[PDB]
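Atoms considered below: every heavy atom in the structure, side chains included; atoms not considered: hydrogens, waters and symmetry mates. Nothing fancy with the numbering, it's 1 onward along the sequence. Start at 1 and go down the list; that is how both ligands and their atoms are numbered.
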Amino acid sequence: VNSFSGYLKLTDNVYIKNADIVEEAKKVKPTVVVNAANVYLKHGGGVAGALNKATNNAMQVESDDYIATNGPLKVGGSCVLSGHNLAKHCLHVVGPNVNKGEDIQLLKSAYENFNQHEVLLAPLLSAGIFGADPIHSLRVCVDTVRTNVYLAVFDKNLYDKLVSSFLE
Ligand SMILES: CCNC(=O)c1cc2c(N[C@H](c3ccc4ncn(C)c(=O)c4c3)C(C)C)ncnc2[nH]1
């Protein structure tokens, strides 16, 4: 039903909220929820772990079956699979992990995958333990994504820093 509420409007197509993406999926019932994935779709940590546990491991079982037949994704690439009880679809997107020396230019390719979907609920790509500068990730999102994106950032201090920086 895509019932997004409580978001700050950054641009005509980008919105942001201090929220847990799992609780937003449950409230919103989005057509697409984005997972901040890795290339072998191992959902043990961070956002991926939180989404998988909220599906009672159904997302990991589906992902393992996908990987056995298709192999891993590339950094900057994506894969649409079921959204299970959280969304109609889950768009698994691999942003570069700069803490492991991956190419930051691939963050643009990662966000370009969002343009295949009219509206998405998403986390801030390559942020947190992936090490990219979160202000840079938001700028890449705003400059790359043309479709409607609702960003859930589960950290009040980070949310306030991003909003303050964007409003300069
Ligand atoms: C209480 C259950 N929910 C969560 O743990 C949770 C965590 C959530 C979250 N995390 C953000 C984030 C973004 C990109 C990432 N890319 C790769 N990896 C490995 C991450 O762990 C990762 C994490 C950080 C930057 C705040 N963003 C929204 N919603 C959330 N929910």
Apply the hydrophobic cluster definition, ILVMFWY joined by side-chain contacts under 4.5 Å directly or through others, and give me every member besides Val61. none
Parallel, tilted or perpendicular: which one describes the rings of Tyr150 and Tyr15, with boundaries at 30° and 60°? parallel
Can you tell me if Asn70 has over 12 outside heavy atoms packed within less than 6.0 Å of its CG? yes
Test side-chain contact (heavy atoms from CB on, under 4.5 Å) applied to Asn35 and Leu86, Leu51, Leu81, the passing residue: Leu51
Check ion pair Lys156-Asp160 (N to O, under 4.0 angstrom): yes
Tabulate distances under 3.5 Å between N/O atoms of ligand 1 and N/O atoms of the protein, writing both atom names on each line.
residue  : atom   : partner : partner atom : Å
ligand 1 : 3 (N)  : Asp20   : OD1          : 3.0
ligand 1 : 3 (N)  : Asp20   : OD2          : 3.4
ligand 1 : 29 (N) : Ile21   : N            : 2.9
ligand 1 : 31 (N) : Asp20   : OD1          : 2.8

Crowding at NZ, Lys100 (>12 non-hydrogen neighbours, <6.0 Å): no
